[PDB]
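my_file-v5.cif (mmCIF, C-alpha atoms and all ligand atoms) appears below.
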data_work
#
loop_
_atom_site.label_atom_id
_atom_site.label_comp_id
_atom_site.auth_asym_id
_atom_site.auth_seq_id
_atom_site.Cartn_x
_atom_site.Cartn_y
_atom_site.Cartn_z
CA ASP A 1 47.04 136.89 49.56
CA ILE A 2 43.99 135.03 50.88
CA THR A 3 44.91 132.03 48.73
CA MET A 4 48.64 132.09 49.51
CA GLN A 5 47.86 132.03 53.23
CA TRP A 6 45.59 129.02 52.72
CA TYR A 7 48.36 127.53 50.55
CA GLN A 8 50.89 127.94 53.37
CA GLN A 9 48.51 126.41 55.92
CA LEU A 10 48.22 123.17 53.94
CA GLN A 11 51.97 123.32 53.28
CA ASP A 12 53.05 123.89 56.88
CA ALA A 13 50.37 121.40 57.95
CA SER A 14 51.92 118.76 55.70
CA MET A 15 55.33 119.64 57.16
CA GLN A 16 53.94 118.95 60.64
CA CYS A 17 52.95 115.52 59.30
CA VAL A 18 56.53 114.88 58.15
CA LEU A 19 57.59 115.34 61.79
CA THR A 20 54.69 113.65 63.61
CA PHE A 21 55.88 110.21 62.44
CA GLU A 22 59.56 111.14 62.72
CA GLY A 23 61.58 108.07 63.59
CA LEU A 24 59.32 105.72 61.63
CA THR A 25 61.20 106.70 58.46
CA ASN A 26 64.45 107.47 60.33
CA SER A 27 65.45 104.04 61.63
CA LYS A 28 68.15 101.42 61.15
CA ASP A 29 66.48 98.38 62.73
CA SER A 30 65.32 95.41 60.66
CA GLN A 31 61.78 95.60 62.06
CA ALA A 32 61.55 99.40 61.89
CA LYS A 33 62.28 99.17 58.15
CA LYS A 34 59.99 96.15 57.68
CA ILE A 35 56.98 98.03 59.07
CA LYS A 36 57.69 101.20 57.08
CA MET A 37 57.95 99.33 53.77
CA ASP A 38 54.99 97.04 54.51
CA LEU A 39 52.78 100.08 55.21
CA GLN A 40 54.20 102.10 52.32
CA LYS A 41 53.50 98.97 50.25
CA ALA A 42 49.99 98.13 51.49
CA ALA A 43 48.96 101.80 51.05
CA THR A 44 49.92 102.39 47.40
CA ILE A 45 49.17 99.12 45.57
CA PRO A 46 45.39 99.77 45.59
CA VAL A 47 45.81 103.17 43.94
CA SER A 48 48.11 101.65 41.31
CA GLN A 49 45.33 99.25 40.26
CA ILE A 50 42.76 102.05 39.82
CA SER A 51 43.33 101.81 36.06
CA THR A 52 40.05 99.89 35.82
CA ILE A 53 37.34 98.88 33.37
CA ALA A 54 34.46 98.18 35.77
CA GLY A 55 32.99 99.76 38.88
CA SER A 56 32.88 96.33 40.52
CA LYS A 57 36.67 96.28 40.78
CA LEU A 58 36.91 99.98 41.51
CA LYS A 59 34.90 99.41 44.69
CA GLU A 60 37.25 96.62 45.80
CA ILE A 61 40.08 99.16 45.80
CA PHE A 62 37.95 101.75 47.61
CA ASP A 63 37.11 99.38 50.48
CA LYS A 64 40.68 98.05 50.59
CA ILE A 65 41.88 101.60 51.22
CA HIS A 66 39.08 102.41 53.67
CA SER A 67 39.76 99.28 55.72
CA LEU A 68 43.54 99.78 55.87
CA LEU A 69 43.06 103.44 56.84
CA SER A 70 40.21 103.03 59.33
CA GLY A 71 42.09 100.46 61.46
CA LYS A 72 40.85 97.23 59.92
CA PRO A 73 43.31 94.74 58.39
CA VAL A 74 44.10 94.43 54.69
CA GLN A 75 45.78 91.90 52.40
CA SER A 76 49.29 92.80 51.21
CA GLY A 77 52.06 90.77 49.60
CA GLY A 78 52.27 87.49 51.50
CA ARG A 79 50.75 88.48 54.86
CA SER A 80 47.93 90.68 56.11
CA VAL A 81 48.68 94.13 57.54
CA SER A 82 47.07 96.15 60.34
CA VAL A 83 47.61 99.60 61.83
CA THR A 84 46.04 99.56 65.30
CA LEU A 85 48.53 100.80 67.90
CA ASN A 86 50.64 102.26 65.09
CA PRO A 87 49.98 105.97 65.72
CA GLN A 88 52.90 106.77 63.45
CA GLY A 89 51.56 104.33 60.86
CA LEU A 90 48.16 106.04 60.70
CA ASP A 91 49.64 109.50 60.12
CA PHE A 92 52.28 107.88 57.89
CA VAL A 93 49.81 106.06 55.63
CA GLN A 94 47.69 109.18 55.04
CA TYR A 95 50.85 110.86 53.74
CA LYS A 96 51.92 108.04 51.42
CA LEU A 97 48.35 107.54 50.19
CA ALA A 98 47.87 111.25 49.51
CA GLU A 99 51.12 111.38 47.52
CA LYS A 100 50.28 108.23 45.53
CA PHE A 101 47.04 109.88 44.39
CA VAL A 102 49.12 112.74 42.98
CA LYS A 103 51.87 110.47 41.63
CA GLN A 104 49.24 108.66 39.54
CA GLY A 105 48.02 111.98 38.19
CA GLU A 106 51.70 112.62 37.44
CA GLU A 107 52.85 109.37 35.78
CA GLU A 108 49.56 107.88 34.50
CA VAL A 109 47.11 110.69 33.76
CA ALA A 110 49.84 112.61 31.93
CA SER A 111 50.38 109.70 29.54
CA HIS A 112 46.70 108.64 29.41
CA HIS A 113 44.13 111.37 30.07
CA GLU A 114 41.22 108.95 30.55
CA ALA A 115 42.53 107.59 33.86
CA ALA A 116 41.74 110.80 35.77
CA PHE A 117 38.12 109.91 36.50
CA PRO A 118 38.46 106.48 38.15
CA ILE A 119 41.23 108.00 40.27
CA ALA A 120 39.17 111.11 41.06
CA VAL A 121 36.05 109.30 42.33
CA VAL A 122 38.17 107.13 44.63
CA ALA A 123 40.18 110.12 45.85
CA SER A 124 36.91 112.03 46.35
CA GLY A 125 35.28 109.36 48.52
CA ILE A 126 38.33 108.91 50.74
CA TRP A 127 38.62 112.68 51.08
CA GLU A 128 34.93 112.62 52.07
CA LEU A 129 35.42 109.90 54.72
CA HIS A 130 38.84 111.19 55.89
CA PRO A 131 39.23 114.96 55.42
CA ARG A 132 42.81 114.73 56.72
CA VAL A 133 43.77 112.60 53.71
CA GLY A 134 42.30 115.32 51.51
CA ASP A 135 44.32 118.12 53.06
CA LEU A 136 47.41 115.99 52.46
CA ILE A 137 46.27 115.55 48.85
CA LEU A 138 46.11 119.33 48.44
CA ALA A 139 49.52 119.72 50.10
CA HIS A 140 51.37 117.50 47.63
CA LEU A 141 49.23 118.57 44.67
CA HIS A 142 50.02 122.21 45.49
CA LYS A 143 53.79 121.87 45.87
CA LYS A 144 54.35 119.43 42.99
CA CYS A 145 52.02 121.58 40.85
CA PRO A 146 51.81 125.18 42.15
CA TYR A 147 49.83 126.10 39.03
CA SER A 148 46.89 124.23 40.62
CA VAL A 149 46.64 126.65 43.58
CA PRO A 150 46.86 128.61 41.25
CA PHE A 151 49.99 130.68 41.75
CA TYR A 152 52.94 131.27 39.42
CA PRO A 153 56.25 130.89 41.31
CA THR A 154 58.30 134.07 41.04
CA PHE A 155 61.91 134.59 39.99
CA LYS A 156 63.88 134.59 43.25
CA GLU A 157 67.15 136.28 44.17
CA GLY A 158 69.04 134.88 47.14
CA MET A 159 68.12 131.24 46.48
CA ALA A 160 69.88 128.74 44.24
CA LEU A 161 68.56 128.12 40.74
CA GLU A 162 67.94 124.41 41.33
CA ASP A 163 65.85 125.29 44.39
CA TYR A 164 63.94 127.69 42.13
CA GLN A 165 63.51 125.08 39.39
CA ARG A 166 62.16 122.83 42.14
CA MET A 167 59.59 125.54 42.96
CA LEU A 168 58.37 125.47 39.35
CA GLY A 169 57.67 121.74 39.73
CA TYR A 170 60.48 120.62 37.41
CA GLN A 171 61.75 117.11 38.18
CA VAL A 172 65.47 117.37 38.99
CA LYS A 173 68.08 114.65 39.34
CA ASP A 174 71.19 115.37 41.40
CA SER A 175 72.86 116.59 38.19
CA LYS A 176 70.18 118.09 35.96
CA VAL A 177 66.54 119.09 35.46
CA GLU A 178 63.97 117.34 33.29
CA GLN A 179 62.97 118.78 29.90
CA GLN A 180 59.91 120.98 29.34
CA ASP A 181 57.81 118.54 27.32
CA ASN A 182 58.01 115.92 30.08
CA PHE A 183 57.30 118.65 32.64
CA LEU A 184 54.29 120.17 30.86
CA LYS A 185 52.74 116.71 30.52
CA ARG A 186 53.26 115.97 34.22
CA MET A 187 51.59 119.29 35.06
CA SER A 188 48.66 118.63 32.73
CA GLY A 189 47.86 115.24 34.22
CA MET A 190 47.99 116.78 37.69
CA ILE A 191 45.28 119.35 36.96
CA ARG A 192 43.17 116.99 34.84
CA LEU A 193 43.05 114.80 37.96
CA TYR A 194 42.24 117.85 40.08
CA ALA A 195 39.68 119.03 37.54
CA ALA A 196 38.13 115.57 37.85
CA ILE A 197 38.07 115.52 41.66
CA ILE A 198 36.05 118.72 42.06
CA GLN A 199 33.18 117.42 39.88
CA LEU A 200 32.85 113.70 40.71
CA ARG A 201 31.42 112.21 43.89
CA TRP A 202 31.70 108.66 45.15
CA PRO A 203 28.18 107.24 44.60
CA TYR A 204 27.89 104.52 47.22
CA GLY A 205 27.81 105.13 50.98
CA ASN A 206 24.83 107.51 51.37
CA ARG A 207 26.66 110.76 52.22
CA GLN A 208 24.56 113.46 53.87
CA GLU A 209 27.12 116.23 53.47
CA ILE A 210 28.56 118.37 50.65
CA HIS A 211 31.34 117.55 48.21
CA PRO A 212 34.67 117.64 50.13
CA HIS A 213 36.47 119.86 47.60
CA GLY A 214 33.50 121.19 45.70
CA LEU A 215 33.14 122.38 42.13
CA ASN A 216 33.36 125.96 43.45
CA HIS A 217 37.16 125.65 43.55
CA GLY A 218 36.96 125.15 39.79
CA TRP A 219 35.34 128.55 39.29
CA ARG A 220 37.95 130.44 41.31
CA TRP A 221 40.84 128.61 39.63
CA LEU A 222 39.67 129.80 36.21
CA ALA A 223 38.98 133.24 37.66
CA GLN A 224 42.31 133.34 39.48
CA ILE A 225 44.51 132.56 36.45
CA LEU A 226 42.53 134.73 34.00
CA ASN A 227 42.89 137.84 36.17
CA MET A 228 46.69 137.47 35.97
CA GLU A 229 49.03 137.67 33.00
CA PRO A 230 49.45 134.34 31.17
CA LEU A 231 52.70 132.44 30.89
CA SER A 232 53.91 131.63 27.39
CA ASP A 233 53.13 127.92 27.04
CA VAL A 234 52.03 126.66 30.46
CA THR A 235 48.87 128.73 30.86
CA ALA A 236 47.42 128.03 27.41
CA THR A 237 48.12 124.32 27.95
CA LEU A 238 46.77 123.96 31.49
CA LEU A 239 43.83 126.22 30.69
CA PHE A 240 42.70 123.99 27.81
CA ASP A 241 43.05 120.61 29.50
CA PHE A 242 41.20 122.05 32.52
CA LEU A 243 38.16 123.24 30.55
CA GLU A 244 37.97 119.97 28.61
CA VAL A 245 37.76 118.01 31.88
CA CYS A 246 35.55 120.34 33.96
CA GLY A 247 33.94 122.65 31.41
CA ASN A 248 30.81 120.51 31.18
CA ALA A 249 30.18 120.37 34.93
CA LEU A 250 30.87 124.11 35.18
CA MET A 251 28.46 124.91 32.35
CA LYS A 252 25.64 123.04 34.10
CA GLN A 253 26.35 124.46 37.57
CA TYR A 254 27.06 128.07 36.44
CA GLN A 255 24.90 128.45 33.35
CA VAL A 256 25.38 131.97 32.00
CA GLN A 257 28.23 133.11 34.25
CA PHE A 258 30.47 130.45 32.71
CA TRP A 259 29.57 131.48 29.16
CA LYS A 260 30.44 135.07 30.08
CA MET A 261 33.78 133.72 31.30
CA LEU A 262 34.19 131.91 27.96
CA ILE A 263 33.29 134.85 25.69
CA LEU A 264 35.99 136.78 27.60
CA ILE A 265 39.02 134.53 27.14
CA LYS A 266 38.12 134.37 23.44
CA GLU A 267 37.81 138.17 23.15
CA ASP A 268 40.27 139.50 25.77
CA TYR A 269 42.60 136.76 27.06
CA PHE A 270 43.42 135.33 23.62
CA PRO A 271 44.98 138.65 22.47
CA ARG A 272 46.83 138.65 25.80
CA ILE A 273 48.62 135.41 24.87
CA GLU A 274 49.47 136.43 21.28
CA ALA A 275 51.97 139.05 22.44
CA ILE A 276 53.64 136.94 25.14
CA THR A 277 54.20 133.77 23.06
CA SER A 278 56.72 133.50 20.24
CA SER A 279 55.78 131.77 17.01
CA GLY A 280 57.93 128.86 18.22
CA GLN A 281 55.55 127.87 21.03
CA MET A 282 52.04 128.56 19.70
CA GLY A 283 51.07 124.87 19.69
CA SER A 284 49.25 125.24 23.01
CA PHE A 285 47.34 128.43 22.20
CA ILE A 286 46.13 127.06 18.86
CA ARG A 287 44.57 124.00 20.51
CA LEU A 288 43.03 126.29 23.13
CA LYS A 289 41.31 128.10 20.25
CA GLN A 290 40.17 125.02 18.31
CA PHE A 291 38.63 123.79 21.57
CA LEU A 292 36.51 126.92 22.07
CA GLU A 293 35.39 127.63 18.49
CA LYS A 294 33.59 124.29 18.64
CA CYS A 295 32.14 124.87 22.12
CA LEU A 296 31.17 128.49 21.45
CA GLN A 297 29.10 127.79 18.34
CA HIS A 298 27.90 124.39 19.61
CA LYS A 299 26.67 126.11 22.80
CA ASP A 300 27.93 123.03 24.66
CA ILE A 301 31.20 121.65 26.02
CA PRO A 302 31.69 117.93 25.21
CA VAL A 303 31.72 115.48 28.10
CA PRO A 304 35.36 114.54 28.86
CA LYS A 305 36.46 111.50 26.86
CA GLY A 306 36.67 108.76 29.49
CA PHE A 307 33.85 109.94 31.77
CA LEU A 308 32.33 107.12 33.80
CA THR A 309 29.00 105.89 32.41
CA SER A 310 26.16 103.75 33.73
CA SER A 311 27.51 100.67 31.95
CA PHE A 312 30.73 101.13 33.92
CA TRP A 313 28.99 101.18 37.31
CA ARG A 314 27.17 97.91 36.53
CA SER A 315 30.26 96.08 35.27
CA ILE B 1 42.00 120.17 59.61
CA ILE B 2 42.83 123.39 57.78
CA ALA B 3 40.23 126.04 57.02
CA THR B 4 38.74 125.72 53.53
CA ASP B 5 35.54 127.35 52.24
CA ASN B 6 33.13 125.16 50.21
CA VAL B 7 30.08 127.11 48.97
CA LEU B 8 28.71 126.25 45.53
CA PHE B 9 26.75 129.50 45.07
CA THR B 10 27.59 132.51 47.17
CA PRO B 11 24.51 134.30 48.57
CA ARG B 12 23.48 137.51 46.85
CA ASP B 13 23.99 139.25 50.19
CA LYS B 14 27.40 139.18 51.90
CA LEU B 15 28.75 139.77 48.36
CA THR B 16 30.54 142.94 47.31
CA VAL B 17 28.90 145.37 44.88
CA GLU B 18 31.94 144.97 42.62
CA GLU B 19 31.31 141.26 42.21
CA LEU B 20 27.54 141.83 42.01
CA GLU B 21 27.83 144.23 39.07
CA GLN B 22 30.28 141.93 37.27
CA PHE B 23 27.79 139.05 37.46
CA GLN B 24 24.91 141.30 36.35
CA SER B 25 26.70 142.57 33.22
CA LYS B 26 26.22 140.97 29.82
CA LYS B 27 30.03 140.86 29.54
CA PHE B 28 32.75 140.48 32.15
CA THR B 29 35.68 142.87 32.55
CA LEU B 30 39.19 141.53 32.02
CA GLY B 31 41.24 141.25 35.20
CA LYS B 32 38.25 141.57 37.56
CA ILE B 33 36.39 138.26 37.35
CA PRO B 34 35.01 137.62 40.87
CA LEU B 35 36.77 134.87 42.80
CA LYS B 36 33.66 133.85 44.70
CA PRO B 37 31.18 131.76 42.67
CA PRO B 38 28.12 133.49 41.20
CA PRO B 39 24.83 133.65 43.11
CA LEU B 40 21.67 131.66 42.52
CA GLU B 41 19.64 134.60 41.19
CA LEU B 42 21.78 135.37 38.10
CA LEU B 43 22.19 131.88 36.57
CA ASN B 44 19.28 132.59 34.16
CA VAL B 45 20.59 135.87 32.68
CL CL C 1 40.12 129.80 49.30
#
Please render this file's structure as structure tokens.
Ligand SMILES: [Cl-]
Amino acid sequence: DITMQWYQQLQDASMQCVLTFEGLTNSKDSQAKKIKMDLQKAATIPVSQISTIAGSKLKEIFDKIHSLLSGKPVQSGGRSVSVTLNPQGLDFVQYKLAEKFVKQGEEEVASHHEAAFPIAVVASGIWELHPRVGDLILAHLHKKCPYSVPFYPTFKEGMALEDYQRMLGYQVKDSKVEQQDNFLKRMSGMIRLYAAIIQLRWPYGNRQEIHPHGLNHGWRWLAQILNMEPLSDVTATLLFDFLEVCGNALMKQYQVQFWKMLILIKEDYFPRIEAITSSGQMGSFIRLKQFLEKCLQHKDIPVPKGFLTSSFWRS
Amino acid sequence: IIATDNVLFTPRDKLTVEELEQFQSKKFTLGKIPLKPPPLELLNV
């Protein structure tokens, strides 16, 4: 109840953003469309280039976003863009930026798990400098992936099925819904990105304050899905690829309390999944078990493959 | 900006006795893991 209220706040607060720049997207002029596209363009290219191999280029993208969003001008395709005296453009760019951060976790991190970390540090620093952009990141992240709240959408009477399949996060064309394999991968990448945000912090800038969306939200998420009955394939999947990404940082921060949480899913929550899942869809639960058996006897959770190293920050 | 709570370790005080006794046990209880993060005193158990 406490979480669903907070969920609605960010949701209704994102809806207020959809209306605050009303008329900037609803226009038929040639210039009204030229501004909208040029801002939508100069606010998503930097995030698309985050697939990087050196911190030196990753900082170029960070500043390019910070300049564009703070009021300063930025280079786009052909001509330079600005936002001053574009009160709709400022609130409009925070929306398109926040969604592009999630879209990359949806169509890049799903295919390639390593890309979560360079996207997380950049999303974490902008969230730190602009907490409004971060609340918009949680808004889209939450709706596109309600399992990240976490909350399992419920079977609804009185609403159409397509509207309900939309609730579950399934991608739907006008005719039909996407498959499950393409949907489970999209959901994974979205929480691997989120599991990366709550542990990484943008190094440069000298920030006095706390992490914007701290690693505490990682503890509750695990607590909040393990105190509720698991879904057949989703839970065992999302649970694994969350611990692999944030299990190390959670072990260090919560030393024994995390191990207690790990000797519980092995002893209590694993039997919970055996009854609910048919033999046809055990592929997720088996990889959830292989992942622990190592960690439990090794007394350590491996660092996520793709974590940023010192060599990266010098490159 | 919307209200969001960001505490890494919840203080031992202000915490419910339910959640306190879960953290102090050698094993958790299924379905009652505390939502708030553990406190600073019990990270060495
Ligand atoms: Cl909360």
### Task
Dump the neighbourhood of ligand CL 1 (chain C) as a PyMOL selection string: all residues within 9 Å, distances computed on all atoms listed in the file.
(chain A and resi 2-7+217+220) or (chain B and resi 3-6+35-36)
#### Entry: Polymer residues at most 6 Å from segment 110-116 of chain A, all atoms listed in the file, same-chain spacing of 2 or more positions, as a VMD selection string
chain A and resid 106 to 108 118 to 120 185 to 186 189 193 306
### Task
Could you give me, as a PyMOL selection string, the residues within 6 Å of segment 259-261 of chain A, counting all atoms listed in the file and dropping anything in the same chain fewer than 3 positions from it?
(chain A and resi 256+264) or (chain B and resi 27)
#### Entry: Nearest candidate to chain B (options A:52, A:11, A:311, A:175; using all atoms listed in the file)
A:11
### Message
Nearest residue to chain B out of A:208, A:199, A:26, A:188, using all atoms listed in the file?
### Response
A:199
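Closest approach to chain B from the set A:10, A:122, A:139, A:308 is made by A:10, with distances taken over all atoms listed in the file.
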### Query
Within 9 Å of chain A, which residues of chain B show up when using all atoms listed in the file, listed as number ranges by chain?
B: 1-9, 23, 25-40, 42-45
Starting from the incomplete input, reconstruct N, CA and C atoms of segment 222-258 of chain A and report them as a PDB file, in the frame of the given file.
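rebuild-v7.pdb written:
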ATOM      1  N   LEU A 222      39.776 129.105  37.489  1.00  0.00           N
ATOM      2  CA  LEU A 222      39.670 129.800  36.210  1.00  0.00           C
ATOM      3  C   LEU A 222      39.700 131.306  36.413  1.00  0.00           C
ATOM      4  N   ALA A 223      38.973 131.805  37.411  1.00  0.00           N
ATOM      5  CA  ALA A 223      38.980 133.240  37.660  1.00  0.00           C
ATOM      6  C   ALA A 223      40.355 133.719  38.086  1.00  0.00           C
ATOM      7  N   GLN A 224      41.074 132.899  38.852  1.00  0.00           N
ATOM      8  CA  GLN A 224      42.310 133.340  39.480  1.00  0.00           C
ATOM      9  C   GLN A 224      43.511 133.298  38.532  1.00  0.00           C
ATOM     10  N   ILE A 225      43.444 132.531  37.442  1.00  0.00           N
ATOM     11  CA  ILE A 225      44.510 132.560  36.450  1.00  0.00           C
ATOM     12  C   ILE A 225      44.199 133.517  35.302  1.00  0.00           C
ATOM     13  N   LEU A 226      42.925 133.835  35.075  1.00  0.00           N
ATOM     14  CA  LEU A 226      42.530 134.730  34.000  1.00  0.00           C
ATOM     15  C   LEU A 226      42.568 136.195  34.403  1.00  0.00           C
ATOM     16  N   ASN A 227      42.675 136.487  35.696  1.00  0.00           N
ATOM     17  CA  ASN A 227      42.890 137.840  36.170  1.00  0.00           C
ATOM     18  C   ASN A 227      44.372 138.162  36.349  1.00  0.00           C
ATOM     19  N   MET A 228      45.256 137.257  35.929  1.00  0.00           N
ATOM     20  CA  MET A 228      46.690 137.470  35.970  1.00  0.00           C
ATOM     21  C   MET A 228      47.273 137.173  34.592  1.00  0.00           C
ATOM     22  N   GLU A 229      48.432 137.764  34.323  1.00  0.00           N
ATOM     23  CA  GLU A 229      49.030 137.670  33.000  1.00  0.00           C
ATOM     24  C   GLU A 229      49.426 136.227  32.690  1.00  0.00           C
ATOM     25  N   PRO A 230      49.158 135.740  31.481  1.00  0.00           N
ATOM     26  CA  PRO A 230      49.450 134.340  31.170  1.00  0.00           C
ATOM     27  C   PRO A 230      50.929 134.109  30.906  1.00  0.00           C
ATOM     28  N   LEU A 231      51.388 132.920  31.287  1.00  0.00           N
ATOM     29  CA  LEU A 231      52.700 132.440  30.890  1.00  0.00           C
ATOM     30  C   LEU A 231      52.650 131.906  29.454  1.00  0.00           C
ATOM     31  N   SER A 232      53.829 131.812  28.838  1.00  0.00           N
ATOM     32  CA  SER A 232      53.910 131.630  27.390  1.00  0.00           C
ATOM     33  C   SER A 232      53.209 130.358  26.937  1.00  0.00           C
ATOM     34  N   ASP A 233      53.623 129.215  27.480  1.00  0.00           N
ATOM     35  CA  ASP A 233      53.130 127.920  27.040  1.00  0.00           C
ATOM     36  C   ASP A 233      52.329 127.196  28.108  1.00  0.00           C
ATOM     37  N   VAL A 234      52.698 127.372  29.375  1.00  0.00           N
ATOM     38  CA  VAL A 234      52.030 126.660  30.460  1.00  0.00           C
ATOM     39  C   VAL A 234      50.554 127.015  30.517  1.00  0.00           C
ATOM     40  N   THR A 235      50.246 128.311  30.611  1.00  0.00           N
ATOM     41  CA  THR A 235      48.870 128.730  30.860  1.00  0.00           C
ATOM     42  C   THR A 235      47.936 128.225  29.764  1.00  0.00           C
ATOM     43  N   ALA A 236      48.289 128.458  28.497  1.00  0.00           N
ATOM     44  CA  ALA A 236      47.420 128.030  27.410  1.00  0.00           C
ATOM     45  C   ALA A 236      47.243 126.518  27.396  1.00  0.00           C
ATOM     46  N   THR A 237      48.249 125.775  27.862  1.00  0.00           N
ATOM     47  CA  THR A 237      48.120 124.320  27.950  1.00  0.00           C
ATOM     48  C   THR A 237      47.190 123.939  29.094  1.00  0.00           C
ATOM     49  N   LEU A 238      47.547 124.338  30.318  1.00  0.00           N
ATOM     50  CA  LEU A 238      46.770 123.960  31.490  1.00  0.00           C
ATOM     51  C   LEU A 238      45.357 124.517  31.441  1.00  0.00           C
ATOM     52  N   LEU A 239      45.172 125.673  30.811  1.00  0.00           N
ATOM     53  CA  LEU A 239      43.830 126.220  30.690  1.00  0.00           C
ATOM     54  C   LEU A 239      42.950 125.328  29.824  1.00  0.00           C
ATOM     55  N   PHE A 240      43.483 124.848  28.699  1.00  0.00           N
ATOM     56  CA  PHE A 240      42.700 123.990  27.810  1.00  0.00           C
ATOM     57  C   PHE A 240      42.336 122.684  28.501  1.00  0.00           C
ATOM     58  N   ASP A 241      43.343 121.925  28.936  1.00  0.00           N
ATOM     59  CA  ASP A 241      43.050 120.610  29.500  1.00  0.00           C
ATOM     60  C   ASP A 241      42.344 120.698  30.851  1.00  0.00           C
ATOM     61  N   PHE A 242      42.101 121.899  31.379  1.00  0.00           N
ATOM     62  CA  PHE A 242      41.200 122.050  32.520  1.00  0.00           C
ATOM     63  C   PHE A 242      39.757 122.206  32.068  1.00  0.00           C
ATOM     64  N   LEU A 243      39.518 123.033  31.048  1.00  0.00           N
ATOM     65  CA  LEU A 243      38.160 123.240  30.550  1.00  0.00           C
ATOM     66  C   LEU A 243      37.598 121.982  29.911  1.00  0.00           C
ATOM     67  N   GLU A 244      38.441 121.210  29.226  1.00  0.00           N
ATOM     68  CA  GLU A 244      37.970 119.970  28.610  1.00  0.00           C
ATOM     69  C   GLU A 244      37.484 118.978  29.655  1.00  0.00           C
ATOM     70  N   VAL A 245      38.100 118.973  30.833  1.00  0.00           N
ATOM     71  CA  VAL A 245      37.760 118.010  31.880  1.00  0.00           C
ATOM     72  C   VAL A 245      36.597 118.494  32.736  1.00  0.00           C
ATOM     73  N   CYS A 246      36.535 119.796  33.029  1.00  0.00           N
ATOM     74  CA  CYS A 246      35.550 120.340  33.960  1.00  0.00           C
ATOM     75  C   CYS A 246      34.677 121.419  33.343  1.00  0.00           C
ATOM     76  N   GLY A 247      34.783 121.654  32.036  1.00  0.00           N
ATOM     77  CA  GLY A 247      33.940 122.650  31.410  1.00  0.00           C
ATOM     78  C   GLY A 247      32.479 122.260  31.372  1.00  0.00           C
ATOM     79  N   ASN A 248      32.199 120.967  31.212  1.00  0.00           N
ATOM     80  CA  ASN A 248      30.810 120.510  31.180  1.00  0.00           C
ATOM     81  C   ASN A 248      30.141 120.707  32.531  1.00  0.00           C
ATOM     82  N   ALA A 249      30.774 120.231  33.606  1.00  0.00           N
ATOM     83  CA  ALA A 249      30.180 120.370  34.930  1.00  0.00           C
ATOM     84  C   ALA A 249      30.057 121.824  35.350  1.00  0.00           C
ATOM     85  N   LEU A 250      30.943 122.689  34.852  1.00  0.00           N
ATOM     86  CA  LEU A 250      30.870 124.110  35.180  1.00  0.00           C
ATOM     87  C   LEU A 250      29.799 124.816  34.365  1.00  0.00           C
ATOM     88  N   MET A 251      29.547 124.356  33.140  1.00  0.00           N
ATOM     89  CA  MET A 251      28.460 124.910  32.350  1.00  0.00           C
ATOM     90  C   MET A 251      27.121 124.640  33.023  1.00  0.00           C
ATOM     91  N   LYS A 252      26.914 123.403  33.481  1.00  0.00           N
ATOM     92  CA  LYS A 252      25.640 123.040  34.100  1.00  0.00           C
ATOM     93  C   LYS A 252      25.442 123.767  35.425  1.00  0.00           C
ATOM     94  N   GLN A 253      26.490 123.854  36.246  1.00  0.00           N
ATOM     95  CA  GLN A 253      26.350 124.460  37.570  1.00  0.00           C
ATOM     96  C   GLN A 253      26.228 125.980  37.474  1.00  0.00           C
ATOM     97  N   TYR A 254      27.060 126.615  36.647  1.00  0.00           N
ATOM     98  CA  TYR A 254      27.060 128.070  36.440  1.00  0.00           C
ATOM     99  C   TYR A 254      26.699 128.281  34.978  1.00  0.00           C
ATOM    100  N   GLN A 255      25.407 128.456  34.718  1.00  0.00           N
ATOM    101  CA  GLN A 255      24.900 128.450  33.350  1.00  0.00           C
ATOM    102  C   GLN A 255      25.441 129.610  32.532  1.00  0.00           C
ATOM    103  N   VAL A 256      24.999 130.829  32.825  1.00  0.00           N
ATOM    104  CA  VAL A 256      25.380 131.970  32.000  1.00  0.00           C
ATOM    105  C   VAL A 256      26.710 132.563  32.449  1.00  0.00           C
ATOM    106  N   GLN A 257      27.025 132.474  33.741  1.00  0.00           N
ATOM    107  CA  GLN A 257      28.230 133.110  34.250  1.00  0.00           C
ATOM    108  C   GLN A 257      29.475 132.435  33.693  1.00  0.00           C
ATOM    109  N   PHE A 258      29.366 131.152  33.348  1.00  0.00           N
ATOM    110  CA  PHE A 258      30.470 130.450  32.710  1.00  0.00           C
ATOM    111  C   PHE A 258      30.613 130.860  31.251  1.00  0.00           C
TER     112      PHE A 258
END
